[PDB]
Ligand code: HEM
Ligand SMILES: CCCCCCCCCCCCCCCC(=O)O
């Protein structure tokens with residue numbers, strides 16, 4: 001068949017589900033970067049995608065993603081016992097107490113940043129979030145971050161995910177940002193190992209610097225650096241979800257009141273923001289052995305893409321996925337495959353995002369602050385979601401005026 005890379009790139013979140021709807025199927029064979037690719041969508045497809053006896057990640061992600069989004073040698077590219085041993089290192093960071101600590105640091109940094117926002121008179125909300133998140137996560141992770149460098153590090157971390165999927169010179173900036181952030185994280189790992197940096201025993205940078213692999217060897221410093229950036233970078237990417245929290249509050253009538261007046265509502269609300277809004281489009285794996293599934297061939301070595309956005313909008317699962325309705329989560333049975341904005345399956349046994357607890361905790365802080373503490377005006381602007389952008393955002397970035405926290 002024809003190469004459809006251009007069609008995918010023009011509609012990265014919806015290309016797969018639009019083609020599925022046309023064909024009346026949850027899977028179809030296509031071709032990207034000249035490679036035959038099976039595209040999958042929905043709960044049943046997610047369950048097979050997460051079967052590690054049939055799928056592997058090693059070598060699956062296009063190498064332009066190593067130079068930017070993920071780095072080289074990190075957990076995303078591992079399989080089998082090597083993967084599970086590395087994954088445990090990340091999971092150990094995520095205790096309720098440690099997640100709460102990061103949420104508290106983020107609230108503090110948000111409150112610290114407000115006076116600057118008031119003084120500007122008008123802000124692009126998305127643009128203002130990267131730095132407080134950077135400051136909170138570095139402190140949490142045991143990464144020293146001088147006051148006068150926080151801004152620059154926040155821009156570099158942002159560039160890894162926000163400029164990575166840009167078909168322009170912004171991609172070149174993402175590559176330089178990656179080189180810089182790796183070198184910085186590497187100096188941090190080296191200083192922890194030499195004892196010149198006193199990160200605490202509970203902190204991410206300590207855990208990663210002192211992690212021993214399956215042969216009782218420390219991670220090479222570059223790999224430790226990449227894994228540390230695998231904590232810092234996606235925490236800063238929560239800026240996207242926080243912007244969507246603001247977008248939902250602005251565009252969906254009744255949400256603000258319910259959040260104000262119903263205490264259990266915030267949990268439902270942040271889950272629905274993750275279900276509803278596009279963010280991580282799709283994940284890629286390679287078939288590890290010959291099999292067939294639902295009348296489709298999966299020859300060993302076949303590239304396979306699992307459409308996360310389409311799965312989160314699958315009508316069989318949700319009935320009315322096109323609506324923004326937090327109360328739908330009252331009927332959710334916590335299935336590991338039917339709701340997958342940060343991946344599916346098991347956190348320890350597969351590649352599912354270990355950052356979900358942090359994301360939920362921080363999105364709740366954001367919701368709380370935006371309804372209970374912050375006052376702001378929202379001028380006329382284009383709030384529509386840019387489905388052509390990676391990551392997707394409201395076209396305006398969400399512009400606020402007259403921000404303050406007397407509220
Ligand atoms: C900002 C919102 C986030 C989104 C949309 C997101 C989404 C995802 C997705 C889709 C995956 C891949 C699942 C797969 O390969 O099957 C993933 C993996 C990962 N996430 Fe996140 N994530 C976010 C935040 C975070 C945070 C805060 C952390 C901090 C620890 C984090 C750390 C990771 C790591 C280390 C992996 C690789 C895990 C593995 O391969 O086993 N993420 N994430
Ligand atoms: C060859 C073109 C590749 C296009 C690159 C696509 C990048 C995906 C963008 C999704 C939003 C980024 C989410 C942050 C993820 C993370 O921090 O790990």
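Note that each Cβ is placed from the backbone with ideal geometry, even for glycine, and that neighbours are counted across all protein chains shown. Every number here is computed from the coordinates shown, using simple stated rules; none is lab data.
Return the residue satisfying two criteria in turn: it lies in region 374-386 and is farther than 14 Å from residue 126 by Cα and buried (at least 16 other Cβ atoms within 10 Å of the Cβ), and of such residues it is nearest to ligand 1 (Cβ to nearest atom).
374
Does residue 77 satisfy the criteria of being within 12 Å of ligand 1 (Cβ to nearest atom) and over 21 Å from residue 274 (Cβ atoms)?
Judged against the criteria, residue 77 is a match.
Provide a single number: the residues in region 156-167 that are out of contact with any helix residue (DSSP H, G or I) (no Cβ under 7 Å at 6 or more places or on another chain) and assigned to a helix (DSSP H, G or I).
Here the count works out to 1.
Listed here are the residues, each with its yes/no results for (1) loosely packed, with under 14 Cβ neighbours inside 10 Å; (2) closer than 30 Å to residue 383 by Cα; (3) touching a strand residue (DSSP E or B) at 6+ places or on another chain (Cβ under 7 Å); (4) in contact (Cβ under 8 Å) with a residue 60 or more places away in the chain.
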position	(1), (2), (3), (4)
61	no, no, yes, yes
67	no, no, no, yes
71	no, no, no, yes
97	yes, no, no, no
103	no, yes, no, yes
111	no, yes, no, yes
140	no, no, no, yes
143	no, no, no, yes
147	yes, no, no, no
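For region 214-223, state whether one or more residues are under 26 Å from residue 365 (Cα atoms) and over 17 Å from the mean Cα position of the chain (by Cα).
No.
For region 388-404, what are the residues that are in a loop (DSSP other than H, G, I, E, B) and surrounded by 15 or more Cβ atoms within 10 Å (Cβ to Cβ)?
389, 390, 391, 392, 393, 396, 397, 398
Would it be correct to say that residue 55 is surrounded by 16 or more Cβ atoms within 10 Å (Cβ to Cβ) and either under 28 Å from residue 299 (Cβ atoms) or touching a strand residue (DSSP E or B) at 6+ places or on another chain (Cβ under 9 Å) (or both)? If you could, list the steps in order and put the result at the bottom.
Details: surrounded by 16 or more Cβ atoms within 10 Å (Cβ to Cβ): yes; either under 28 Å from residue 299 (Cβ atoms) or touching a strand residue (DSSP E or B) at 6+ places or on another chain (Cβ under 9 Å) (or both): yes.
Spelling it out, residue 55 is indeed surrounded by 16 or more Cβ atoms within 10 Å (Cβ to Cβ) and either under 28 Å from residue 299 (Cβ atoms) or touching a strand residue (DSSP E or B) at 6+ places or on another chain (Cβ under 9 Å) (or both).
Looking at 256, 274, 233, which is the one that is away from ligand 2 (no atom under 16 Å from the Cβ) and touching a residue at least 60 places away in the same chain (Cβ under 8 Å)? Walk me through how you get there before you give the answer.
Values: 274 fails: away from ligand 2 (no atom under 16 Å from the Cβ); 233 fails: away from ligand 2 (no atom under 16 Å from the Cβ).
The match here is 256.
Okay, residues lined up against (1) away from ligand 2 (no atom under 16 Å from the Cβ); (2) free of Cβ contacts under 8 Å to residues at least 12 places away in the same chain; (3) touching a helix residue (DSSP H, G or I) at 6+ places or on another chain (Cβ under 6 Å):
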residue	(1), (2), (3)
308	no, no, no
368	yes, no, no
381	yes, no, no
386	no, yes, no
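Which of (1) within 15 Å of ligand 1 (Cβ to nearest atom); (2) under 28 Å from residue 247 (Cα atoms); (3) out of contact with any helix residue (DSSP H, G or I) (no Cβ under 6 Å at 6 or more places or on another chain) does residue 116 not meet, given it meets every other one?
The number of the failed condition is (1).
Which of the residues belonging to region 269-294 are surrounded by fewer than 19 Cβ atoms within 10 Å (Cβ to Cβ) and assigned to a helix (DSSP H, G or I)?
271
When region 1-58 is examined, which residues are found to be within 16 Å of ligand 1 (Cβ to nearest atom) and either assigned to a loop (DSSP other than H, G, I, E, B) or at positive phi (or both)?
Hits for region 1-58 are 12, 13, 42, 50, 51, 52, 53, 54, 57, 58.
Which ones in region 166-189 are surrounded by fewer than 16 Cβ atoms within 10 Å (Cβ to Cβ) and within 16 Å of residue 73 (Cβ to Cβ)?
Matches in region 166-189: 179, 183.
If only one of 246, 164 is more than 16 Å from ligand 2 (Cβ to nearest atom), within 18 Å of the chain's Cα centre (by Cα) and either touching a residue at least 12 places away in the same chain (Cβ under 8 Å) or closer than 20 Å to residue 89 by Cβ (or both), which one is it?
246
Of all residues in region 13-36, which are within 16 Å of ligand 2 (Cβ to nearest atom), in contact (Cβ under 8 Å) with a residue 60 or more places away in the chain and crowded, with 21+ Cβ neighbours inside 10 Å?
Of everything in region 13-36, those that are within 16 Å of ligand 2 (Cβ to nearest atom), in contact (Cβ under 8 Å) with a residue 60 or more places away in the chain and crowded, with 21+ Cβ neighbours inside 10 Å turn out to be 13, 16.
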